[PDB]
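[1] Below: the sequence, then the experimentally determined structure.
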Amino acid sequence: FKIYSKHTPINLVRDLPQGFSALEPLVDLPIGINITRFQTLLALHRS
Amino acid sequence: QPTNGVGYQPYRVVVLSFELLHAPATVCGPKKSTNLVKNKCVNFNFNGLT
């Protein structure tokens, strides 16, 4: 499982900025499992 | 009891079971590095690249 990542400082309000940024390889995982689906995890704000 | 015979004394047994599955093998043995020699025509093996 290859995870590539890049952090970019942007100041655009709504859409994706137009530019070039190559993603460095961050971590390779020896998982050996089948993966066909994914889901994002968010954080709630409680008051 | 501490005064028992050798055939009745407690023996701790640890059994190590090694299996290979289709998943990438991660429990690897300790490869031993040699000393680095520079400025000579040598056969190099760096991380499996020879």
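    Sure thing, it's come through. Numbers count the residues shown, from 1 in each chain, chains lettered A, B, ... in the order given.
[2] Any residues of chain A in contact with chain B? List them.
    Listed as neighbours of chain B in chain A under the rule CB under 8 Å from any CB of the partner chain: A:30, A:31, A:32, A:33. Where C-beta positions appear, they are placed from N, C-alpha and C, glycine not excepted.
[3] Give me the nearest residue to the last one, chain neighbours excluded.
    Taking CB to CB, 6 or more residues apart in numbering or on different chains, and ignoring the residues beside it in sequence, residue A:33 has residue B:23 as its nearest neighbour in space, at 7.3 Å.
[4] do the first one as well
    Computed as CB to CB, 6+ apart, the closest residue to residue A:30 that is not its neighbour in sequence is residue B:24, at 4.2 Å.
[5] likewise the second one?
    Using CB to CB, 6+ apart and skipping residues adjacent in sequence, the residue nearest residue A:31 is residue A:1, 4.8 Å away.
[6] contacting residues around the one you found?
    A:28, A:29, A:30, A:31, A:35 (CB atoms under 8 Å, 6 or more residues apart in numbering or on different chains).
[7] What is the most widely separated pair among those residues?
    The most widely separated members of the contacts of residue A:1, counting by CB to CB, are A:28 and A:35 (14.7 Å).
[8] When the two are compared, which one has more neighbours?
    residue A:28 (11 against 7; other CB atoms under 10 Å in any protein chain shown).
[9] From residue B:7, how far out is the residue most central in space within chain A?
    Closest residue to the average C-alpha location of chain A: residue A:5 at 6.2 Å, with CA atoms, centre = their mean. Relative to residue B:7, residue A:5 is positioned 61 Å away (CB to CB, to the nearest Å).
[10] what's the neighbour count on residue B:14?
    4.
[11] of the residues of chain A next to chain B, closest to chain B?
    residue A:32 (2.3 Å; CB to the nearest CB).
[12] and that closest one, what does it touch?
    Applying CB under 8 Å, 6+ apart, the residues near residue A:32 are B:21, B:22, B:23, B:24.
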